[PDB]
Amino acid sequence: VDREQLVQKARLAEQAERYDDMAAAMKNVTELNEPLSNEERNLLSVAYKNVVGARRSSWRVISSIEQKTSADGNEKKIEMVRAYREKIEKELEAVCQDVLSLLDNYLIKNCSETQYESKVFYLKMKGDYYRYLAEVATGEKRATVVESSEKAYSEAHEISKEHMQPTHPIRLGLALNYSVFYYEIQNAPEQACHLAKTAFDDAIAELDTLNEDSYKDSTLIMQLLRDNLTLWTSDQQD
């Protein structure tokens, strides 16, 4: 059981665009119950993001095709489209539970109050994956995951405000995704636009507190905060 052997595999799987093998490798590394480096934190996040991402992209396509052919009124066709949607839903749910378990029982738990950085990053993921569940959930089931996601994002923000500058990529990444949670899931556009702008402007205020490395990586996220504020505002006026 060599760790660096497994990490090398996560890299090698990434190059070959085999994210199932990648996620598997990094899950195994996390299970060794030791902290993840900045790189290893990345390899884990990328792997599962790609694995779940493909399911989500697929789910949206199936959902769309269902919304259109439903009005067509072909019974047997709708049955199989809806069934196929359910198949992909369960795959998605299964992957999310896998990450959330890794977070709740290996990563977030074993983060001391000194590693505020990793604390927020994992806390962000926790919100992201509970949010993926909400995107496909219905009934009271949806209500449960929406709250679980909200509770994860909120806590991530509290720790971010207090210990991290607004220009930090992690905090920017959080504000980005957290804002999306309000618009897409909660349908609270103003609270979403508010959070996005507040996070954006707060970075402008302390724009001289930049480091050469995070000077590019952080600003990249800032444009994304603006791109969202562009599309969101344009829909309300209609």
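Note that residue numbering begins at 1 and tracks the sequence as displayed. In this text, the rigid core denotes the largest set of C-alpha atoms whose superposition between the two forms falls within 1.5 Å.
- Taking the rigid core as the alignment reference, the C-alpha atoms of 60 to 68 lie farther on average from the displayed form in 9 other deposited structures of this protein than those of the other stretch among 60 to 68 and 24 to 32.
- The rigid core fit leaves 77 to 85 as the farther-lying stretch in 9 other deposited structures of this protein, judged by Cα positions and set against 77 to 85 and 127 to 135.
- Taking the PDB entry as given, 105 to 113 carries the higher mean Cα B factor of the two stretches 119 to 127 and 105 to 113.
- Taking only CA atoms, the mean B-factor in the PDB entry is higher for 67 to 75 than for the other of 148 to 156 and 67 to 75.
- For the set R142, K161, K90, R82, the PDB entry puts the maximum C-alpha B factor at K161.
- You'll see in the entry that, of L32, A47, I170, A203, the Cα B factor peaks at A203.
- In the deposited entry, the Cα temperature factor of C193 sits in the top third of values across the chain's modelled residues.
- Among the modelled residues of its chain, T138 has a C-alpha B-factor that falls in the middle third according to the deposited record.
- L36: CA B factor lies in the middle third for its chain, per the PDB record.
- For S57, the recorded CA B-factor ranks within the lowest third of the chain. Only modelled residues enter the ranking.
- Ranked within its chain, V51 lands in the lowest third, by CA B factor from the PDB record.
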